[PDB]
Amino acid sequence: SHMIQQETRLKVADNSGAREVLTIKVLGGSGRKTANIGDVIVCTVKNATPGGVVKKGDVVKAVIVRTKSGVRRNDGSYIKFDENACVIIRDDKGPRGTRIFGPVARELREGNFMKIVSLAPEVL
Amino acid sequence: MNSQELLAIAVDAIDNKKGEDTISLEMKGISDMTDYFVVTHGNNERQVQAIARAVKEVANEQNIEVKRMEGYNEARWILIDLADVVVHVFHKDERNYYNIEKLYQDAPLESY
């Protein structure tokens, strides 16, 4: 029920080959150590699917797309998800994979992750 | 203007730079984020960058703010968010990988 920080494990919500990562660093000019929706992180792949492009042990960047310690909108709405989840991303922010699994938070569009939004089945 | 005529404008800009296999999807039933998805491609990384700029320019020229361009530099998949309408420009060798059309195979598709 708790936030995303170094050494926290996360499910991967795309077809990249990564199934579960281990956060090693929250990126962001604030230097702060909490990651939430729309934040980019560095992580090491700890579980991968055979035949995927992304393999166990790789170091990748990923954008947080679901957090089980959610964030509050300008609306005063507060959204939460049942699990922590991210999407492995390229350096320009396009997804490594080609498919997204489950719901992603709409903040990604303002984050310039609108590619991930356009592939995602559900936007909350 | 409404998304329909914004749609019409974007495809004209795409047809201007000889955008291939250009289709629109009606996303109204299916999404809150936009009304139309446009999908087209070019044969080389310059042409994909040109079709993108053409979509920006013809949308500026009528005073629509291009809200963001994503992947413009790499020129493989350039997403141009016009908010009401979202235009995907693909490198010929990348389009089939993503297969936007088949991901939304129940959205009303129109081709040009």
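Chain letters run A, B, ... following the sequence lines, proteins first and then strands; every chain starts at 1. Basis for what follows: all heavy atoms, side chains included, without hydrogens, waters or symmetry-related copies.
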Do [X] and [Y] belong together in a cluster built from hydrophobic side chains that touch within less than 4.5 Å?
X	Y	answer
B/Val86	B/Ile23	yes
B/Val89	B/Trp77	no
B/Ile78	B/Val85	yes
A/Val40	A/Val60	no
A/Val42	A/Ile89	yes

Practice task
Report, by ascending residue number, the residues of residues 36-65 of chain B in heavy-atom contact with chain A at a distance under 4.5 Å; give 'none' if the set is empty.
Solution key: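 Residues of residues 36-65 of chain B touching chain A at under 4.5 Å: B/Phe37.
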Completion exercise
Ordered numerically, the heavy-atom neighbours of chain A under 4.5 Å found in residues 97-112 of chain B are B/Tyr97, B/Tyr98, B/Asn99, B/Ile100, B/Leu103, B/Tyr104
Handout entry: Sorted by number, residues from residues 25-37 of chain A in contact with chain B (heavy atoms, under 4.5 Å)
Key =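 At a heavy-atom separation under 4.5 Å, chain B is reached by no residue of residues 25-37 of chain A.
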Handout entry: Neighbours of chain B found in residues 97-124 of chain A - heavy atoms under 4.5 Å
Key =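 Listed by number, the contacting residues are A/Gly97, A/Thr98, A/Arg99, A/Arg106, A/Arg109, A/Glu110, A/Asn112, A/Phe113, A/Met114, A/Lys115, A/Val117, A/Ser118, A/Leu119, A/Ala120, A/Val123.
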Answer yes or no: does atom [atom1] of [X] have more than 12 heavy-atom neighbours from other residues, nucleotides or ligands under 6.0 Å?
X	atom1	answer
A/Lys56	NZ	no
B/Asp93	CG	yes
B/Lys67	NZ	no
B/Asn96	CG	no

